[PDB]
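Student: My questions all concern the structure below.
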Amino acid sequence: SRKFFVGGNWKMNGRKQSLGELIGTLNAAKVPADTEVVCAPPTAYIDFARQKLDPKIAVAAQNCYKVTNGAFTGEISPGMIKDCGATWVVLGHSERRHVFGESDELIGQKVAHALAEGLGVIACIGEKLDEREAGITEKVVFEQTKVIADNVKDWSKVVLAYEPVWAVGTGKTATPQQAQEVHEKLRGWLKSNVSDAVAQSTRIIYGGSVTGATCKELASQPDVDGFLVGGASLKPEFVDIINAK
Amino acid sequence: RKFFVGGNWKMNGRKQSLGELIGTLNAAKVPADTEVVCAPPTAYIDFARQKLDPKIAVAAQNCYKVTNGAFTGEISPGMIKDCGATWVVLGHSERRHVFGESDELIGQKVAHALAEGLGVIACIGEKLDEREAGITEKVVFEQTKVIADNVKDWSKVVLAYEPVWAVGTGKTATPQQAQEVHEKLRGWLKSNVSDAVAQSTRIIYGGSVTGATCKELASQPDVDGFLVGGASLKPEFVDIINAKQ
Ligand SMILES: [Br-]
Ligand SMILES: [K+]
Ligand SMILES: [K+]
Ligand code: NA
């Protein structure tokens with residue numbers, strides 16, 4: 001019942017001209033109706049992307065803050081994001097957490113505010129390499145998920161993105177079994193801590209060096225409901241990933 | 001030194017309210033001897049530039065230190081220029097004190113922004129503890145040094161002094177006290193850069209300024225303008241623009 005979900009995280013890449021070419025490629029591709037496509041452009045280009053992108057494709061912000069307006073130079077709010085015609089926001093991405101130091105608490109507050117303002121949330125979790133090697137992947141993602149869940153009143157507008165940090169921008173894609181393993185546990189966590197209904201209906205997507213050459217096998221895993229795609233979302237093969245079935 | 005008035009909208013406004021504010025600014029007779037810059041929320045840089053008359057420049061409220069990269073939620077100087085903005089605000093007290101941006105990182109942002117061809121509003125200022133410890137000079141000179149370590153051409157640079165120690169602290173911050181700091185800052189530029197740079201570099205006041213007080217502040221010989229906060233969202237901003245008239 002879970003609709004296949006493919007997110008394109010352009011990160012801090014591109015200009016109007018090159019991004020326009022990506023958009024032109026997506027519009028011409030005529031995406032299939034049974035996958036939910038979302039593009040997350042650089043914050044300066046949220047409005048631009050929405051204007052050029054086919055309506056059947058949604059636009060996401062790459063980050064936001066936790067109030068509607070305020071004295072926070074350099075930030076944007078969910079209100080501004082919706083005002084630009086976007087309907088999603090990516091929160092908790094490993095780069096926000098581990099380069100810019102966003103705490104779990106802050107991320108939880110952002111999740112609560114974004115949902116309160118009627119914005120969809122792509123909520124990211126994932127363990128570091130040293131956590132994976134120490135055998136505590138499960139403990140880490142469970143705790144990250146707990147903070148998110150405690151700030152979600154409605155899961156219909158939430159998608160969970162498991163991105164192991166050692167796979168993000170490293171070329172080291174998680175194997176199907178590695179991803180399936182974690183997605184299985186996370187769905188089990190939802191069932192035990194939230195509800196069976198939430199467990200069955202919530203999309204849990206994988207991210208981390210997802211490519212056209214790895215998507216098919218990852219997508220076939222029963223608990224992998226789609227992808228969050230960084231590097232490859234800037235390339236023609238993103239279309240192939242959308243069509244991973 | 002051409003009088004410089006910057007309006008930092010911070011995280012405020014939507015297309016409707018900002019469109020109305022912009023309408024006022026376009027209709028305003030901006031004096032020819034005053035350089036006016038507006039800094040909208042990042043999502044609205046493109047929107048603001050499209051609507052604003054060329055007589056008013058647009059600034060980003062922040063940026064990152066590389067031209068493209070895996071930095072979800074960030075934007076580069078190239079994107080800022082690509083949207084038609086010609087300035088960026090860096091080192092604002094809120095970036096430093098709420099989001100923990102270090103001097104080192106700030107310096108690296110300045111270096112890249114300038115090389116990309118943007119003007120930089122470089123913000124400095126000491127906190128209350130630093131003020132009451134009697135190390136105002138030590139702190140602001142160090143902040144200024146880090147900026148200076150990353151500036152070859154001072155032509156596109158504007159120093160903004162923020163009396164952070166005066167924000168919500170109950171401490172008096174008089175026009176005389178603003179002059180006292182600005183005089184020392186120019187003294188630093190003269191010794192550590194050149195006579196010409198000291199004479200030509202705008203040093204603007206980033207403390208509390210209103211229509212009723214802007215003229216007394218602007219009459220200080222070493223105060224070359226303002227970085228305006230909340231009043232920048234109101235028609236009162238025009239009165240501040242007109243401070244020299
Ligand atoms: Br990603
Ligand atoms: K599947
Ligand atoms: K003056
Ligand atoms: Na004109």
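In the structure tokens, chains take the letters A, B, ... in the order shown, each chain's residues start at 1, and ligands count up from 1 in the order shown.
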Neighbouring residues of ligand 2 are defined here as those with any atom at most 9 Å from a ligand atom, counting only C-alpha atoms and all ligand atoms; list them as a PDB file with C-alpha atoms, in the first residue's frame.

Tutor:
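The result, stored in part.pdb:
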```
ATOM      1  CA  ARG A   2       3.018   2.255   0.554  1.00  0.00           C
ATOM      2  CA  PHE A   4       7.110   4.422  -3.801  1.00  0.00           C
ATOM      3  CA  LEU A 218      17.500  -1.923  -3.055  1.00  0.00           C
ATOM      4  CA  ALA A 219      13.940  -1.162  -4.156  1.00  0.00           C
ATOM      5  CA  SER A 220      13.012  -4.858  -4.294  1.00  0.00           C
ATOM      6  CA  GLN A 221      13.554  -5.162  -0.535  1.00  0.00           C
ATOM      7  CA  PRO A 222      10.093  -5.284   1.088  1.00  0.00           C
ATOM      8  CA  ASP A 223      10.836  -2.639   3.750  1.00  0.00           C
ATOM      9  CA  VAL A 224      12.637  -0.191   1.456  1.00  0.00           C
ATOM     10  CA  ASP A 225       9.924   2.134   0.193  1.00  0.00           C
ATOM     11  CA  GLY A 226      12.061   4.455  -1.896  1.00  0.00           C
ATOM     12  CA  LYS A 245       9.918  -0.085  -9.641  1.00  0.00           C
TER      13      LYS A 245
END
```

Student: Could you pull the residues within 12 Å of residue 32 (chain B), counting only C-alpha atoms, minus those fewer than 6 positions along the same chain, as a ChimeraX atom specification?

Tutor: /B:2-4,55-56,241-242,244-245

Student: Within 7 Å of region 199-205 of chain A, counting only C-alpha atoms, which residues show up once you throw out same-chain ones fewer than 4 positions away? Write them as a PyMOL selection string, please.

Tutor: chain A and resi 2+155+159-162+183+187+190-191+195+224-228

Student: Compute the set of chain B residues within 8 Å of chain A, using only C-alpha atoms, and express it as a PyMOL selection string.

Tutor: chain B and resi 8-15+41-46+60-62+68-76+78-80+82-83+92+94-95

Student: Can you spit out the residues from that selection as a JSON list (two decimals), in the first residue's frame, using N, CA and C atoms?

Tutor:
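And here is the file that came out, again_0.json:
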```
[["chain", "number", "residue", "atom", "x", "y", "z"],
["B", 8, "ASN", "N", 18.41, 44.59, 7.29],
["B", 8, "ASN", "CA", 18.38, 43.16, 7.56],
["B", 8, "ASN", "C", 16.99, 42.71, 7.98],
["B", 9, "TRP", "N", 16.27, 42.08, 7.06],
["B", 9, "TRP", "CA", 14.91, 41.65, 7.32],
["B", 9, "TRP", "C", 14.89, 40.44, 8.24],
["B", 10, "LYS", "N", 16.05, 39.81, 8.41],
["B", 10, "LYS", "CA", 16.17, 38.58, 9.19],
["B", 10, "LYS", "C", 15.17, 37.54, 8.68],
["B", 11, "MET", "N", 14.64, 36.71, 9.58],
["B", 11, "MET", "CA", 13.68, 35.68, 9.17],
["B", 11, "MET", "C", 12.26, 36.21, 9.31],
["B", 12, "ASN", "N", 11.90, 37.14, 8.43],
["B", 12, "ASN", "CA", 10.58, 37.78, 8.46],
["B", 12, "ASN", "C", 9.99, 38.02, 7.08],
["B", 13, "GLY", "N", 8.68, 37.83, 6.98],
["B", 13, "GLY", "CA", 7.93, 38.26, 5.82],
["B", 13, "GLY", "C", 7.50, 37.13, 4.91],
["B", 14, "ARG", "N", 6.52, 37.43, 4.07],
["B", 14, "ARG", "CA", 6.07, 36.55, 3.00],
["B", 14, "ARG", "C", 6.01, 37.41, 1.75],
["B", 15, "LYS", "N", 5.72, 36.81, 0.60],
["B", 15, "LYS", "CA", 5.69, 37.54, -0.66],
["B", 15, "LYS", "C", 4.76, 38.75, -0.59],
["B", 41, "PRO", "N", 15.06, 37.19, 3.51],
["B", 41, "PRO", "CA", 15.27, 35.78, 3.82],
["B", 41, "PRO", "C", 15.69, 35.03, 2.57],
["B", 42, "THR", "N", 16.53, 34.01, 2.73],
["B", 42, "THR", "CA", 17.20, 33.37, 1.60],
["B", 42, "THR", "C", 16.24, 32.89, 0.51],
["B", 43, "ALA", "N", 15.06, 32.44, 0.92],
["B", 43, "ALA", "CA", 14.05, 31.95, -0.01],
["B", 43, "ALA", "C", 13.52, 33.06, -0.90],
["B", 44, "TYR", "N", 13.78, 34.31, -0.52],
["B", 44, "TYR", "CA", 13.19, 35.47, -1.19],
["B", 44, "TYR", "C", 14.23, 36.38, -1.86],
["B", 45, "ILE", "N", 15.47, 35.93, -1.94],
["B", 45, "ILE", "CA", 16.52, 36.72, -2.59],
["B", 45, "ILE", "C", 16.13, 37.01, -4.04],
["B", 46, "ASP", "N", 15.72, 35.97, -4.75],
["B", 46, "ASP", "CA", 15.34, 36.08, -6.15],
["B", 46, "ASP", "C", 14.07, 36.93, -6.28],
["B", 60, "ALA", "N", 22.40, 38.69, 0.44],
["B", 60, "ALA", "CA", 22.08, 37.47, 1.15],
["B", 60, "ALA", "C", 22.42, 37.66, 2.62],
["B", 61, "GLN", "N", 21.70, 36.96, 3.50],
["B", 61, "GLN", "CA", 21.92, 37.07, 4.94],
["B", 61, "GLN", "C", 23.07, 36.17, 5.41],
["B", 62, "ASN", "N", 23.55, 35.31, 4.52],
["B", 62, "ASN", "CA", 24.61, 34.36, 4.84],
["B", 62, "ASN", "C", 24.99, 33.59, 3.59],
["B", 68, "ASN", "N", 30.26, 24.97, -4.79],
["B", 68, "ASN", "CA", 29.27, 23.90, -4.85],
["B", 68, "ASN", "C", 29.74, 22.81, -3.91],
["B", 69, "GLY", "N", 28.83, 22.02, -3.36],
["B", 69, "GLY", "CA", 29.24, 20.93, -2.50],
["B", 69, "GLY", "C", 28.11, 20.23, -1.78],
["B", 70, "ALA", "N", 28.47, 19.17, -1.06],
["B", 70, "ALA", "CA", 27.53, 18.37, -0.30],
["B", 70, "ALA", "C", 27.22, 19.05, 1.03],
["B", 71, "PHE", "N", 26.55, 20.19, 0.97],
["B", 71, "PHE", "CA", 26.20, 20.93, 2.17],
["B", 71, "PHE", "C", 24.73, 21.32, 2.16],
["B", 72, "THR", "N", 23.90, 20.32, 2.44],
["B", 72, "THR", "CA", 22.45, 20.47, 2.51],
["B", 72, "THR", "C", 22.07, 21.67, 3.37],
["B", 73, "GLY", "N", 21.26, 22.56, 2.82],
["B", 73, "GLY", "CA", 20.74, 23.70, 3.56],
["B", 73, "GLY", "C", 21.53, 24.99, 3.39],
["B", 74, "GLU", "N", 22.64, 24.91, 2.67],
["B", 74, "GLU", "CA", 23.52, 26.06, 2.47],
["B", 74, "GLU", "C", 23.40, 26.61, 1.05],
["B", 75, "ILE", "N", 23.93, 27.82, 0.84],
["B", 75, "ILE", "CA", 24.02, 28.40, -0.50],
["B", 75, "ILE", "C", 25.38, 29.06, -0.68],
["B", 76, "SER", "N", 25.83, 29.17, -1.92],
["B", 76, "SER", "CA", 27.15, 29.74, -2.22],
["B", 76, "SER", "C", 27.03, 31.14, -2.79],
["B", 78, "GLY", "N", 28.07, 32.14, -5.59],
["B", 78, "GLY", "CA", 27.71, 32.02, -6.99],
["B", 78, "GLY", "C", 26.21, 32.01, -7.21],
["B", 79, "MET", "N", 25.49, 31.35, -6.30],
["B", 79, "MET", "CA", 24.04, 31.31, -6.36],
["B", 79, "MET", "C", 23.48, 32.69, -6.03],
["B", 80, "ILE", "N", 24.11, 33.34, -5.06],
["B", 80, "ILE", "CA", 23.72, 34.68, -4.66],
["B", 80, "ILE", "C", 23.82, 35.66, -5.83],
["B", 82, "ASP", "N", 23.98, 34.76, -8.98],
["B", 82, "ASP", "CA", 23.11, 34.21, -10.01],
["B", 82, "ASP", "C", 21.68, 34.72, -9.88],
["B", 83, "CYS", "N", 21.28, 35.05, -8.65],
["B", 83, "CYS", "CA", 19.96, 35.59, -8.39],
["B", 83, "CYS", "C", 19.92, 37.12, -8.51],
["B", 92, "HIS", "N", 27.19, 37.87, 11.18],
["B", 92, "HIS", "CA", 26.17, 38.53, 12.00],
["B", 92, "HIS", "C", 26.09, 37.87, 13.37],
["B", 94, "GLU", "N", 23.89, 36.83, 15.25],
["B", 94, "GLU", "CA", 23.02, 35.66, 15.36],
["B", 94, "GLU", "C", 23.68, 34.41, 14.77],
["B", 95, "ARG", "N", 24.45, 34.57, 13.69],
["B", 95, "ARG", "CA", 25.19, 33.43, 13.14],
["B", 95, "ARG", "C", 26.24, 32.97, 14.15]]
```

Student: Hey, can you check how far CA of residue 157 (chain B) sits from CA of residue 137 (chain B)?

Tutor: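 Separating CA of residue 157 (chain B) from CA of residue 137 (chain B) is a distance of 20.4 Å.
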
Student: Can you tell me, as JSON, numbers by chain, what residues are no more than 12 Å from residue 19 (chain B) when counting only C-alpha atoms, ignoring any on the same chain fewer than 4 positions away?

Tutor: {"B": [13, 14, 15, 23, 24, 25, 26, 40, 44, 47, 48, 49, 50, 51, 52, 233]}

Student: Would you put the residues from that selection into a file with C-alpha atoms, as a PDB file, in the first residue's frame?

Tutor:
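Writing done, so here's out_27.pdb:
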```pdb
ATOM      1  CA  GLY B  13       7.933  38.255   5.817  1.00  0.00           C
ATOM      2  CA  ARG B  14       6.071  36.550   3.003  1.00  0.00           C
ATOM      3  CA  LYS B  15       5.689  37.541  -0.658  1.00  0.00           C
ATOM      4  CA  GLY B  23       6.426  48.802  -3.100  1.00  0.00           C
ATOM      5  CA  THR B  24       7.122  51.470  -0.498  1.00  0.00           C
ATOM      6  CA  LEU B  25      10.876  51.349  -1.102  1.00  0.00           C
ATOM      7  CA  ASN B  26      10.516  51.641  -4.883  1.00  0.00           C
ATOM      8  CA  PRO B  40      15.741  39.334   2.542  1.00  0.00           C
ATOM      9  CA  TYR B  44      13.195  35.467  -1.191  1.00  0.00           C
ATOM     10  CA  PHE B  47      11.840  37.408  -5.420  1.00  0.00           C
ATOM     11  CA  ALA B  48      13.210  40.579  -3.811  1.00  0.00           C
ATOM     12  CA  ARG B  49      15.682  41.376  -6.611  1.00  0.00           C
ATOM     13  CA  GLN B  50      12.982  40.890  -9.260  1.00  0.00           C
ATOM     14  CA  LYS B  51      10.635  43.345  -7.532  1.00  0.00           C
ATOM     15  CA  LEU B  52      13.108  45.918  -6.186  1.00  0.00           C
ATOM     16  CA  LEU B 233      10.536  45.939   7.713  1.00  0.00           C
TER      17      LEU B 233
END
```

Student: Could the residues that lie within 8 Å of ligand 3, counting only C-alpha atoms and all ligand atoms, be listed as a VMD selection string?

Tutor: chain B and resid 3 217 to 225

Student: For N, CA, C and O atoms, I'd like the residues from the last selection saved as a compact mmCIF listing (two decimals), in the first residue's frame.

Tutor:
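Listed below is the output, result07.txt:
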```txt
# COMPACT_ATOMS: atom_id res chain seq x y z
N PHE B 3 27.55 57.22 2.33
CA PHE B 3 26.66 56.76 3.38
C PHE B 3 25.98 55.46 2.97
O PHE B 3 25.48 55.34 1.85
N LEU B 217 23.26 59.78 15.45
CA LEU B 217 24.24 58.73 15.22
C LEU B 217 25.03 58.98 13.94
O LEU B 217 26.25 58.83 13.92
N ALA B 218 24.33 59.38 12.89
CA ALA B 218 24.95 59.58 11.58
C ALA B 218 25.90 60.78 11.58
O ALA B 218 26.75 60.90 10.70
N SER B 219 25.74 61.67 12.55
CA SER B 219 26.57 62.87 12.62
C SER B 219 27.93 62.57 13.24
O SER B 219 28.83 63.41 13.22
N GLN B 220 28.09 61.37 13.78
CA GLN B 220 29.37 60.95 14.32
C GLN B 220 30.33 60.79 13.14
O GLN B 220 29.98 60.14 12.16
N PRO B 221 31.52 61.40 13.23
CA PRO B 221 32.44 61.41 12.08
C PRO B 221 32.85 60.03 11.56
O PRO B 221 33.05 59.89 10.35
N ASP B 222 32.97 59.03 12.42
CA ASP B 222 33.44 57.71 11.99
C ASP B 222 32.31 56.68 11.81
O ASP B 222 32.56 55.53 11.48
N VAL B 223 31.07 57.12 12.00
CA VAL B 223 29.90 56.29 11.73
C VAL B 223 29.43 56.58 10.31
O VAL B 223 29.02 57.70 10.01
N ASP B 224 29.51 55.58 9.43
CA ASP B 224 29.25 55.79 8.00
C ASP B 224 27.91 55.24 7.55
O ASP B 224 27.66 55.13 6.34
N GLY B 225 27.06 54.88 8.50
CA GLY B 225 25.77 54.32 8.15
C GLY B 225 25.29 53.30 9.15
O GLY B 225 25.76 53.27 10.29
```

Student: Please run DSSP on the backbone and report, as a compact mmCIF listing (two decimals) with N, CA, C and O atoms, in the first residue's frame, all residues within region 15-104 of chain A that come out as strand (DSSP E or B).

Tutor:
```txt
# COMPACT_ATOMS: atom_id res chain seq x y z
N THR A 35 4.82 6.68 -8.32
CA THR A 35 5.92 7.07 -7.46
C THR A 35 5.83 8.56 -7.17
O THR A 35 5.59 9.36 -8.06
N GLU A 36 6.01 8.90 -5.90
CA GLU A 36 5.94 10.28 -5.46
C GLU A 36 7.32 10.92 -5.56
O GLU A 36 8.24 10.55 -4.83
N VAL A 37 7.46 11.86 -6.49
CA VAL A 37 8.74 12.50 -6.76
C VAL A 37 8.83 13.84 -6.05
O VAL A 37 7.88 14.62 -6.03
N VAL A 38 9.99 14.10 -5.45
CA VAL A 38 10.25 15.33 -4.71
C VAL A 38 11.66 15.81 -4.99
O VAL A 38 12.62 15.04 -4.89
N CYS A 39 11.79 17.08 -5.36
CA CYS A 39 13.11 17.70 -5.57
C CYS A 39 13.38 18.74 -4.50
O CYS A 39 12.52 19.57 -4.20
N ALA A 40 14.57 18.69 -3.92
CA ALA A 40 14.98 19.65 -2.89
C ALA A 40 16.11 20.53 -3.42
O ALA A 40 17.28 20.13 -3.36
N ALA A 58 6.81 17.44 -6.63
CA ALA A 58 6.79 18.33 -5.48
C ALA A 58 8.18 18.92 -5.24
O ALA A 58 9.19 18.37 -5.67
N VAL A 59 8.21 20.07 -4.57
CA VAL A 59 9.46 20.71 -4.21
C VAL A 59 9.61 20.69 -2.69
O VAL A 59 8.63 20.83 -1.96
N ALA A 60 10.84 20.49 -2.24
CA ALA A 60 11.15 20.42 -0.81
C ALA A 60 12.19 21.46 -0.46
O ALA A 60 13.04 21.81 -1.28
N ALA A 61 12.14 21.96 0.77
CA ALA A 61 13.24 22.75 1.31
C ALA A 61 14.27 21.79 1.87
O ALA A 61 13.94 20.67 2.27
N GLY A 70 11.14 35.53 13.01
CA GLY A 70 12.00 35.86 14.14
C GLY A 70 13.37 36.39 13.78
O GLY A 70 13.76 36.43 12.61
N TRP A 88 7.33 20.13 1.12
CA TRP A 88 8.16 19.28 1.97
C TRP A 88 9.34 20.04 2.56
O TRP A 88 9.76 21.07 2.03
N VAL A 89 9.88 19.53 3.66
CA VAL A 89 11.15 19.99 4.18
C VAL A 89 11.98 18.80 4.66
O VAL A 89 11.46 17.88 5.31
N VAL A 90 13.27 18.83 4.33
CA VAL A 90 14.21 17.81 4.77
C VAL A 90 14.83 18.27 6.09
O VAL A 90 15.40 19.36 6.17
N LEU A 91 14.72 17.44 7.12
CA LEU A 91 15.22 17.77 8.44
C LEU A 91 16.08 16.64 8.99
O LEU A 91 15.80 15.47 8.77
```

Student: Considering only C-alpha atoms, return as a PyMOL selection string whatever protein or nucleic-acid residues lie within 7 Å of region 197-214 of chain B, sequence-local ones (same chain, fewer than 2 positions apart) excluded.

Tutor: chain B and resi 1+154+158-163+182+186+189-190+193-195+216-218+223-228+236+239-240+243

Student: How many Å lie between CA of residue 97 (chain A) and CA of residue 59 (chain B), rounded to one decimal?

Tutor: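 Computing the Euclidean distance for CA of residue 97 (chain A) and CA of residue 59 (chain B) yields 26.9 Å.
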
Student: Could you give me, as a ChimeraX atom specification, each residue of region 23-152 of chain B that DSSP assigns to helix (DSSP H, G or I) when run on this structure's backbone?

Tutor: /B:23-27,42-51,77-82,93-97,103-115,128-132,136-148

Student: Would you save the residues of that selection, restricted to C-alpha atoms, as a PDB file, in the first residue's frame?

Tutor:
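This is the output file again15.pdb:
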```
ATOM      1  CA  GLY B  23       6.426  48.802  -3.100  1.00  0.00           C
ATOM      2  CA  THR B  24       7.122  51.470  -0.498  1.00  0.00           C
ATOM      3  CA  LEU B  25      10.876  51.349  -1.102  1.00  0.00           C
ATOM      4  CA  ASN B  26      10.516  51.641  -4.883  1.00  0.00           C
ATOM      5  CA  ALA B  27       8.162  54.601  -4.464  1.00  0.00           C
ATOM      6  CA  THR B  42      17.197  33.367   1.599  1.00  0.00           C
ATOM      7  CA  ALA B  43      14.050  31.949  -0.005  1.00  0.00           C
ATOM      8  CA  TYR B  44      13.195  35.467  -1.191  1.00  0.00           C
ATOM      9  CA  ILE B  45      16.519  36.716  -2.595  1.00  0.00           C
ATOM     10  CA  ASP B  46      15.335  36.077  -6.148  1.00  0.00           C
ATOM     11  CA  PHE B  47      11.840  37.408  -5.420  1.00  0.00           C
ATOM     12  CA  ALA B  48      13.210  40.579  -3.811  1.00  0.00           C
ATOM     13  CA  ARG B  49      15.682  41.376  -6.611  1.00  0.00           C
ATOM     14  CA  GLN B  50      12.982  40.890  -9.260  1.00  0.00           C
ATOM     15  CA  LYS B  51      10.635  43.345  -7.532  1.00  0.00           C
ATOM     16  CA  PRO B  77      28.170  33.220  -3.410  1.00  0.00           C
ATOM     17  CA  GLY B  78      27.713  32.021  -6.993  1.00  0.00           C
ATOM     18  CA  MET B  79      24.038  31.310  -6.356  1.00  0.00           C
ATOM     19  CA  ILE B  80      23.716  34.684  -4.656  1.00  0.00           C
ATOM     20  CA  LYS B  81      25.127  36.468  -7.729  1.00  0.00           C
ATOM     21  CA  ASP B  82      23.114  34.207 -10.012  1.00  0.00           C
ATOM     22  CA  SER B  93      25.809  38.224  15.786  1.00  0.00           C
ATOM     23  CA  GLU B  94      23.025  35.663  15.358  1.00  0.00           C
ATOM     24  CA  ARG B  95      25.191  33.429  13.143  1.00  0.00           C
ATOM     25  CA  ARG B  96      27.992  33.631  15.712  1.00  0.00           C
ATOM     26  CA  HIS B  97      26.006  33.291  18.926  1.00  0.00           C
ATOM     27  CA  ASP B 103      35.799  33.414  13.256  1.00  0.00           C
ATOM     28  CA  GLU B 104      37.822  30.911  11.236  1.00  0.00           C
ATOM     29  CA  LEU B 105      34.811  29.834   9.160  1.00  0.00           C
ATOM     30  CA  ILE B 106      33.630  33.430   8.802  1.00  0.00           C
ATOM     31  CA  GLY B 107      37.020  34.444   7.424  1.00  0.00           C
ATOM     32  CA  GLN B 108      36.834  31.651   4.863  1.00  0.00           C
ATOM     33  CA  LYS B 109      33.359  32.797   3.795  1.00  0.00           C
ATOM     34  CA  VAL B 110      34.639  36.342   3.310  1.00  0.00           C
ATOM     35  CA  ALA B 111      37.568  35.134   1.196  1.00  0.00           C
ATOM     36  CA  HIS B 112      35.301  33.162  -1.114  1.00  0.00           C
ATOM     37  CA  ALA B 113      32.508  35.736  -1.358  1.00  0.00           C
ATOM     38  CA  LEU B 114      34.960  38.472  -2.340  1.00  0.00           C
ATOM     39  CA  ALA B 115      36.800  36.320  -4.889  1.00  0.00           C
ATOM     40  CA  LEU B 128      28.463  41.716  27.488  1.00  0.00           C
ATOM     41  CA  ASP B 129      30.942  39.485  29.341  1.00  0.00           C
ATOM     42  CA  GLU B 130      33.706  40.639  26.996  1.00  0.00           C
ATOM     43  CA  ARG B 131      32.662  44.278  27.452  1.00  0.00           C
ATOM     44  CA  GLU B 132      32.480  44.081  31.242  1.00  0.00           C
ATOM     45  CA  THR B 136      36.301  45.194  23.821  1.00  0.00           C
ATOM     46  CA  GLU B 137      39.361  46.193  21.785  1.00  0.00           C
ATOM     47  CA  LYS B 138      41.040  42.795  22.016  1.00  0.00           C
ATOM     48  CA  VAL B 139      37.872  41.070  20.778  1.00  0.00           C
ATOM     49  CA  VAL B 140      36.838  43.381  17.929  1.00  0.00           C
ATOM     50  CA  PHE B 141      40.434  43.762  16.702  1.00  0.00           C
ATOM     51  CA  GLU B 142      40.811  39.971  16.568  1.00  0.00           C
ATOM     52  CA  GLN B 143      37.529  39.584  14.677  1.00  0.00           C
ATOM     53  CA  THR B 144      38.675  42.348  12.331  1.00  0.00           C
ATOM     54  CA  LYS B 145      42.072  40.682  11.931  1.00  0.00           C
ATOM     55  CA  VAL B 146      40.511  37.385  10.829  1.00  0.00           C
ATOM     56  CA  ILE B 147      38.515  39.296   8.239  1.00  0.00           C
ATOM     57  CA  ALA B 148      41.655  41.196   7.188  1.00  0.00           C
TER      58      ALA B 148
END
```

Student: Could you check which of B:29, B:85, B:6, B:35 is closest to ligand 4, using only C-alpha atoms and all ligand atoms?

Tutor: B:29

Student: I'd like to know which of B:7, B:84, B:31, B:54 is closest to ligand 4, using only C-alpha atoms and all ligand atoms.

Tutor: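 Closest to ligand 4 of all the choices is B:54.
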